[PDB]
>>> print(open('upload01.pdb').read())   # PDB, N, CA and C atoms
ATOM      1  N   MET A  53      -2.662 -11.121   3.572  1.00  0.00           N
ATOM      2  CA  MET A  53      -3.079  -9.895   2.935  1.00  0.00           C
ATOM      3  C   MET A  53      -2.811  -9.954   1.446  1.00  0.00           C
ATOM      4  N   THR A  54      -3.866  -9.907   0.683  1.00  0.00           N
ATOM      5  CA  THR A  54      -3.783  -9.984  -0.742  1.00  0.00           C
ATOM      6  C   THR A  54      -3.529  -8.601  -1.369  1.00  0.00           C
ATOM      7  N   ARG A  55      -3.100  -8.602  -2.625  1.00  0.00           N
ATOM      8  CA  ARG A  55      -2.880  -7.380  -3.383  1.00  0.00           C
ATOM      9  C   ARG A  55      -4.187  -6.632  -3.622  1.00  0.00           C
ATOM     10  N   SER A  56      -5.282  -7.368  -3.649  1.00  0.00           N
ATOM     11  CA  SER A  56      -6.585  -6.775  -3.768  1.00  0.00           C
ATOM     12  C   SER A  56      -6.986  -6.101  -2.463  1.00  0.00           C
ATOM     13  N   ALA A  57      -6.607  -6.698  -1.335  1.00  0.00           N
ATOM     14  CA  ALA A  57      -6.879  -6.103  -0.029  1.00  0.00           C
ATOM     15  C   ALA A  57      -6.160  -4.776   0.066  1.00  0.00           C
ATOM     16  N   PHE A  58      -4.957  -4.767  -0.466  1.00  0.00           N
ATOM     17  CA  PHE A  58      -4.123  -3.582  -0.561  1.00  0.00           C
ATOM     18  C   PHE A  58      -4.755  -2.555  -1.479  1.00  0.00           C
ATOM     19  N   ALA A  59      -5.311  -3.013  -2.581  1.00  0.00           N
ATOM     20  CA  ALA A  59      -5.929  -2.139  -3.575  1.00  0.00           C
ATOM     21  C   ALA A  59      -7.176  -1.433  -3.027  1.00  0.00           C
ATOM     22  N   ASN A  60      -7.650  -1.878  -1.886  1.00  0.00           N
ATOM     23  CA  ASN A  60      -8.811  -1.277  -1.232  1.00  0.00           C
ATOM     24  C   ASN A  60      -8.388  -0.304  -0.151  1.00  0.00           C
ATOM     25  N   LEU A  61      -7.103  -0.248   0.124  1.00  0.00           N
ATOM     26  CA  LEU A  61      -6.598   0.613   1.177  1.00  0.00           C
ATOM     27  C   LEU A  61      -6.491   2.061   0.716  1.00  0.00           C
ATOM     28  N   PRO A  62      -6.600   3.024   1.674  1.00  0.00           N
ATOM     29  CA  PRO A  62      -6.500   4.464   1.386  1.00  0.00           C
ATOM     30  C   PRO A  62      -5.163   4.826   0.745  1.00  0.00           C
ATOM     31  N   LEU A  63      -5.102   5.987   0.108  1.00  0.00           N
ATOM     32  CA  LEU A  63      -3.915   6.419  -0.637  1.00  0.00           C
ATOM     33  C   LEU A  63      -2.676   6.467   0.230  1.00  0.00           C
ATOM     34  N   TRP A  64      -2.818   6.975   1.438  1.00  0.00           N
ATOM     35  CA  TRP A  64      -1.688   7.046   2.353  1.00  0.00           C
ATOM     36  C   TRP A  64      -1.162   5.645   2.652  1.00  0.00           C
ATOM     37  N   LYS A  65      -2.070   4.673   2.671  1.00  0.00           N
ATOM     38  CA  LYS A  65      -1.705   3.304   2.927  1.00  0.00           C
ATOM     39  C   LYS A  65      -0.981   2.721   1.770  1.00  0.00           C
ATOM     40  N   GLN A  66      -1.336   3.154   0.599  1.00  0.00           N
ATOM     41  CA  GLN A  66      -0.693   2.680  -0.605  1.00  0.00           C
ATOM     42  C   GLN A  66       0.747   3.123  -0.594  1.00  0.00           C
ATOM     43  N   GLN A  67       0.960   4.331  -0.140  1.00  0.00           N
ATOM     44  CA  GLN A  67       2.289   4.894  -0.073  1.00  0.00           C
ATOM     45  C   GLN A  67       3.068   4.255   1.044  1.00  0.00           C
ATOM     46  N   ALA A  68       2.465   4.217   2.211  1.00  0.00           N
ATOM     47  CA  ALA A  68       3.099   3.726   3.416  1.00  0.00           C
ATOM     48  C   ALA A  68       3.493   2.266   3.299  1.00  0.00           C
ATOM     49  N   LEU A  69       2.640   1.485   2.690  1.00  0.00           N
ATOM     50  CA  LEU A  69       2.872   0.065   2.582  1.00  0.00           C
ATOM     51  C   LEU A  69       3.870  -0.239   1.506  1.00  0.00           C
ATOM     52  N   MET A  70       3.754   0.451   0.393  1.00  0.00           N
ATOM     53  CA  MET A  70       4.739   0.298  -0.666  1.00  0.00           C
ATOM     54  C   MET A  70       6.083   0.901  -0.262  1.00  0.00           C
ATOM     55  N   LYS A  71       6.057   1.819   0.689  1.00  0.00           N
ATOM     56  CA  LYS A  71       7.264   2.406   1.261  1.00  0.00           C
ATOM     57  C   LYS A  71       8.121   1.313   1.904  1.00  0.00           C
ATOM     58  N   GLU A  72       7.467   0.293   2.471  1.00  0.00           N
ATOM     59  CA  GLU A  72       8.171  -0.835   3.112  1.00  0.00           C
ATOM     60  C   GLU A  72       8.996  -1.617   2.086  1.00  0.00           C
ATOM     61  N   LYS A  73       8.455  -1.762   0.889  1.00  0.00           N
ATOM     62  CA  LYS A  73       9.146  -2.459  -0.170  1.00  0.00           C
ATOM     63  C   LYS A  73      10.111  -1.498  -0.879  1.00  0.00           C
ATOM     64  N   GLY A  74       9.817  -0.226  -0.784  1.00  0.00           N
ATOM     65  CA  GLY A  74      10.692   0.774  -1.325  1.00  0.00           C
ATOM     66  C   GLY A  74      10.217   1.367  -2.625  1.00  0.00           C
ATOM     67  N   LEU A  75       8.920   1.509  -2.776  1.00  0.00           N
ATOM     68  CA  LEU A  75       8.366   2.167  -3.949  1.00  0.00           C
ATOM     69  C   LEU A  75       8.282   3.652  -3.717  1.00  0.00           C
ATOM     70  N   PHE A  76       8.047   4.014  -2.492  1.00  0.00           N
ATOM     71  CA  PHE A  76       7.979   5.400  -2.107  1.00  0.00           C
ATOM     72  C   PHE A  76       9.084   5.704  -1.122  1.00  0.00           C
TER
END
>>> encode(input="upload01.pdb", output="structure tokens")
Amino acid sequence: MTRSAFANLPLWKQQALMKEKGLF
């Protein structure tokens, strides 16, 4: 999964996925 693949994901996904790394 690339950062661009991530950049295409819905807003909730941006939060949820970055939540794993601890951005949210």
>>> select_by_dssp(input="upload01.pdb", residues="chain A", states="helix (DSSP H, G or I)", output="JSON, numbers by chain")
{"A": [55, 56, 57, 58, 59, 63, 64, 65, 66, 67, 68, 69, 70, 71, 72, 73]}
>>> axis_aligned_box(input="upload01.pdb", around="region 57-76 of chain A", padding_each_side="8 Å", output="JSON")
{"center_x": 0.9, "center_y": 0.2, "center_z": -0.3, "size_x": 35.5, "size_y": 29.7, "size_z": 23.4}
>>> residues_around(input="upload01.pdb", residues="residue 55 (chain A)", least_positions_apart="6", cutoff="12 Å", atoms="only C-alpha atoms", output="list in words")
residues 61, 66, 69 and 70 of chain A
>>> atom_distance(input="upload01.pdb", atom1="CA of residue 53 (chain A)", atom2="CA of residue 74 (chain A)")
17.9 Å
>>> decode(input="upload01.pdb", residues="chain A", atoms="N, CA and C atoms", output="PDB file, in the first residue's frame")
ATOM      1  N   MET A  53       0.824  -1.186   0.000  1.00  0.00           N
ATOM      2  CA  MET A  53       0.000   0.000   0.000  1.00  0.00           C
ATOM      3  C   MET A  53       0.863   1.243   0.000  1.00  0.00           C
ATOM      4  N   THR A  54       0.758   2.000  -1.055  1.00  0.00           N
ATOM      5  CA  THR A  54       1.529   3.192  -1.221  1.00  0.00           C
ATOM      6  C   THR A  54       0.854   4.401  -0.548  1.00  0.00           C
ATOM      7  N   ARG A  55       1.626   5.460  -0.344  1.00  0.00           N
ATOM      8  CA  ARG A  55       1.124   6.706   0.217  1.00  0.00           C
ATOM      9  C   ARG A  55       0.121   7.371  -0.720  1.00  0.00           C
ATOM     10  N   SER A  56       0.259   7.106  -2.004  1.00  0.00           N
ATOM     11  CA  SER A  56      -0.678   7.590  -2.979  1.00  0.00           C
ATOM     12  C   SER A  56      -1.987   6.818  -2.890  1.00  0.00           C
ATOM     13  N   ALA A  57      -1.903   5.519  -2.609  1.00  0.00           N
ATOM     14  CA  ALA A  57      -3.098   4.699  -2.433  1.00  0.00           C
ATOM     15  C   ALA A  57      -3.885   5.222  -1.251  1.00  0.00           C
ATOM     16  N   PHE A  58      -3.147   5.605  -0.231  1.00  0.00           N
ATOM     17  CA  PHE A  58      -3.685   6.215   0.971  1.00  0.00           C
ATOM     18  C   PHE A  58      -4.306   7.561   0.658  1.00  0.00           C
ATOM     19  N   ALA A  59      -3.653   8.329  -0.189  1.00  0.00           N
ATOM     20  CA  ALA A  59      -4.114   9.664  -0.561  1.00  0.00           C
ATOM     21  C   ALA A  59      -5.435   9.622  -1.342  1.00  0.00           C
ATOM     22  N   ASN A  60      -5.823   8.445  -1.776  1.00  0.00           N
ATOM     23  CA  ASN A  60      -7.077   8.253  -2.504  1.00  0.00           C
ATOM     24  C   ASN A  60      -8.177   7.767  -1.582  1.00  0.00           C
ATOM     25  N   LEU A  61      -7.826   7.468  -0.351  1.00  0.00           N
ATOM     26  CA  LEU A  61      -8.791   6.946   0.598  1.00  0.00           C
ATOM     27  C   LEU A  61      -9.657   8.052   1.187  1.00  0.00           C
ATOM     28  N   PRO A  62     -10.907   7.703   1.602  1.00  0.00           N
ATOM     29  CA  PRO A  62     -11.852   8.657   2.207  1.00  0.00           C
ATOM     30  C   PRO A  62     -11.283   9.300   3.469  1.00  0.00           C
ATOM     31  N   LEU A  63     -11.859  10.421   3.879  1.00  0.00           N
ATOM     32  CA  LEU A  63     -11.358  11.200   5.016  1.00  0.00           C
ATOM     33  C   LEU A  63     -11.301  10.387   6.291  1.00  0.00           C
ATOM     34  N   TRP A  64     -12.329   9.599   6.537  1.00  0.00           N
ATOM     35  CA  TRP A  64     -12.358   8.764   7.729  1.00  0.00           C
ATOM     36  C   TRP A  64     -11.193   7.778   7.710  1.00  0.00           C
ATOM     37  N   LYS A  65     -10.815   7.344   6.511  1.00  0.00           N
ATOM     38  CA  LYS A  65      -9.722   6.422   6.352  1.00  0.00           C
ATOM     39  C   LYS A  65      -8.421   7.088   6.614  1.00  0.00           C
ATOM     40  N   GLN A  66      -8.347   8.342   6.285  1.00  0.00           N
ATOM     41  CA  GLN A  66      -7.143   9.109   6.508  1.00  0.00           C
ATOM     42  C   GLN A  66      -6.905   9.219   7.992  1.00  0.00           C
ATOM     43  N   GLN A  67      -7.976   9.407   8.720  1.00  0.00           N
ATOM     44  CA  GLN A  67      -7.903   9.535  10.157  1.00  0.00           C
ATOM     45  C   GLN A  67      -7.618   8.198  10.785  1.00  0.00           C
ATOM     46  N   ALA A  68      -8.389   7.209  10.395  1.00  0.00           N
ATOM     47  CA  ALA A  68      -8.321   5.878  10.961  1.00  0.00           C
ATOM     48  C   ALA A  68      -6.966   5.233  10.738  1.00  0.00           C
ATOM     49  N   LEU A  69      -6.416   5.434   9.569  1.00  0.00           N
ATOM     50  CA  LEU A  69      -5.164   4.812   9.215  1.00  0.00           C
ATOM     51  C   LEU A  69      -4.008   5.528   9.846  1.00  0.00           C
ATOM     52  N   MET A  70      -4.064   6.840   9.842  1.00  0.00           N
ATOM     53  CA  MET A  70      -3.039   7.616  10.523  1.00  0.00           C
ATOM     54  C   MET A  70      -3.152   7.472  12.040  1.00  0.00           C
ATOM     55  N   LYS A  71      -4.330   7.101  12.512  1.00  0.00           N
ATOM     56  CA  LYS A  71      -4.566   6.812  13.922  1.00  0.00           C
ATOM     57  C   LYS A  71      -3.670   5.658  14.375  1.00  0.00           C
ATOM     58  N   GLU A  72      -3.412   4.708  13.470  1.00  0.00           N
ATOM     59  CA  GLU A  72      -2.550   3.547  13.769  1.00  0.00           C
ATOM     60  C   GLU A  72      -1.116   3.995  14.066  1.00  0.00           C
ATOM     61  N   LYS A  73      -0.655   4.999  13.340  1.00  0.00           N
ATOM     62  CA  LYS A  73       0.674   5.527  13.542  1.00  0.00           C
ATOM     63  C   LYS A  73       0.656   6.550  14.687  1.00  0.00           C
ATOM     64  N   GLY A  74      -0.501   7.115  14.925  1.00  0.00           N
ATOM     65  CA  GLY A  74      -0.665   8.017  16.028  1.00  0.00           C
ATOM     66  C   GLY A  74      -0.704   9.470  15.632  1.00  0.00           C
ATOM     67  N   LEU A  75      -1.273   9.759  14.484  1.00  0.00           N
ATOM     68  CA  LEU A  75      -1.454  11.139  14.060  1.00  0.00           C
ATOM     69  C   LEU A  75      -2.756  11.675  14.592  1.00  0.00           C
ATOM     70  N   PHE A  76      -3.717  10.807  14.699  1.00  0.00           N
ATOM     71  CA  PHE A  76      -5.007  11.161  15.231  1.00  0.00           C
ATOM     72  C   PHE A  76      -5.260  10.382  16.500  1.00  0.00           C
TER      73      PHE A  76
END
